[PDB]
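Summary of structural features
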Amino acid sequence: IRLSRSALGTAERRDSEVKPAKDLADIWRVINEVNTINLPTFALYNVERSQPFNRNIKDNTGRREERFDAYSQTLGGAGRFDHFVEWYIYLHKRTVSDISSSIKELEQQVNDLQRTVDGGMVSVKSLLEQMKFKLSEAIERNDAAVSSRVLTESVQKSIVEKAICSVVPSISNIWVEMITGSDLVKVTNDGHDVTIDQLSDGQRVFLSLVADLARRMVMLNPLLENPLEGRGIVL
Amino acid sequence: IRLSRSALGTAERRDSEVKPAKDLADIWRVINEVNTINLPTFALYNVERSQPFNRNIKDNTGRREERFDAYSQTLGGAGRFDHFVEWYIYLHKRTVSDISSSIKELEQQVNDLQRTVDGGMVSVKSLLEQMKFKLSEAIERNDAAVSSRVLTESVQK
């Protein structure tokens, strides 16, 4: 593939030879639409990254949930970290809003006080064994899935969280809080739970790069056990 | 109460008398500031309520609701749809297992997405049970300003 351009005020204009790239991408697109395949990732992280703030506007831009949103502004120079935050909050809502994906944590959460209230602390049961009634209520809120109950969105969220925690040294965990009912993302830096906007320049920029790359890899590789092992080129 | 105005350039300006209205409003304000009382509501819904208003309200829901926020924009752009949707979603997020006091946003913080991670952080309601005795010193502290007592977010939704 050759990109060519002639200077201003030149009678003879040079053309570009981009046909083979179109042919290869046509192969990818046609095969993918007929039967889902793993798509390559093309990202550019130039100096336009490290911009301040996050999630500036609601960004009505095309439904971050859909797969081909991973190619939007992918080579712009600055990763769309607002897109990542919106997608992460989407994943958290999908995970916590499924009875099958909530009864699993309800069952585990109930079988944690027994490991604690049995030893003592009679004050950690008044408003905590009431949550056992919620697990009992989940029985009548269910019996429609019975089997499976393995959400794809939960797997994507876990993969992205593991990648973020493994690559970024200071960050140990990342999650979404809904109480105080603005949606906000919190991380753990050096053992301290801090929100996403109080990061420093160097831990927020690197996290933005890693999170955007992980999101695009996960969205473009749905048929891989580890989506981050997909192929692509990153600048 | 008489509201008066004179045309610009007139030698003599008509004066409006608003003293008795101020007296009644002072009665209301002082009695409320000593002991909580139910206050009147004055709302105007003009034809501009249907127009889609723009306020750049993104993450503006820090929303420390005081009792006197009901008098803000009450005779102007009061009944807007986007504000209702935003407030309703915010309140529903807060209302889920409604516990939220000035302190219980921390109890729900340690009882949600915590209580499952390792590291000897099993502390749930344990460290702040002595702070839970400050709940009366906390939930009554928000309305300790007796002029600003409101209902809970569930009796309000």
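Residues numbered from 1 in each chain as written, not as in the entry; some residues may be left out. Chains lettered and ligands numbered in written order. Part of a larger assembly, values for the part shown. Heavy atoms only, no water.

cryo-EM is the method the PDB entry states for this structure, with the resolution given as 2.69 Å.

**Here we look at the interface of chain A and chain B**
To keep it simple, the criterion reads: Residues count as neighbours in contact if any of their non-hydrogen atoms are within 4.5 Å of one another. Buried area adds together the accessible area that both of two parts lose upon being put together, with accessible area traced by a 1.4 Å probe. Between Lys or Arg on one side and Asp or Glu on the other, a salt bridge is scored when a side-chain nitrogen of the former is within 4 Å of a carboxyl oxygen of the latter. Polar contact is the term for a pair of N or O atoms within 3.5 Å; when the atoms are in protein, one must be able to donate a hydrogen and the other to accept it, and sequence-neighboring residues count only if both atoms are side-chain atoms. Only DSSP runs of H or I with at least four residues qualify as helices, and only runs of E with at least two residues qualify as strands; both kinds are numbered from the N terminus onward. Classes in brief: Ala, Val, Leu, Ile, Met, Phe, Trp, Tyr, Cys and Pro nonpolar; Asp, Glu, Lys and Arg charged; the others, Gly included, polar.
On the chain B side, the residues contacting the 27 residues of chain A number 18 residues. Together, the buried faces of chain A and chain B total about 2000 Å²; carbon and sulfur atoms form 52% of this surface. At the junction of chain A with chain B, the criterion picks out two salt bridges. Residue A:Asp183 is joined to B:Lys93 by a salt bridge in which the shortest nitrogen-to-oxygen separation is 2.6 Å. At the junction of chain A and chain B, the tally comes to four residue pairs in polar contact. The set of elements that each furnish at least two residues to the side of chain A that touches chain B consists of helix 2 (81–96), helix 3 (99–117) and strand 2 (171–177) of chain A. Counting residues per element, the side of chain A that touches chain B draws most heavily on helix 3 of chain A, at five residues. Of the residues belonging to the side of chain A that touches chain B, the class tally is nine nonpolar, eleven polar and seven charged.

**Things to note about the nonpolar core**
Grouped burial of nonpolar side chains is what soluble globular proteins tend to show. Residue and element names in this part refer to chain A. Just so we agree on the cut-off: Only buried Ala, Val, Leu, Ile, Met, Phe, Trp, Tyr and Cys residues count toward a nonpolar core, and they belong to the same one when joined by side-chain atoms within 4.5 Å. Only protein chains enter the accessibility calculation, which uses a 1.4 Å probe; a residue whose area is less than 20% of its type maximum is buried, one above 50% is exposed, and one in between is partly exposed.
Grouped together as the largest cluster of nonpolar side chains are 34 residues, with contacts concentrated most on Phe 84, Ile 164, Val 185 and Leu 207. Among the secondary structure elements, those contributing two or more residues to this core are helix 2, helix 5 (152–167), strand 2, strand 3 (184–189) and helix 6 (204–220). It is helix 6 that contributes the most residues to this core, eight residues altogether. If near-sequence neighbours (up to four positions away) are discounted, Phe 84 is found in contact with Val 160, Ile 164, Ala 211, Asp 212 and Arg 215. Residues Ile 103, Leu 106, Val 110 and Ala 138 belong to the second largest nonpolar core, which totals five residues.

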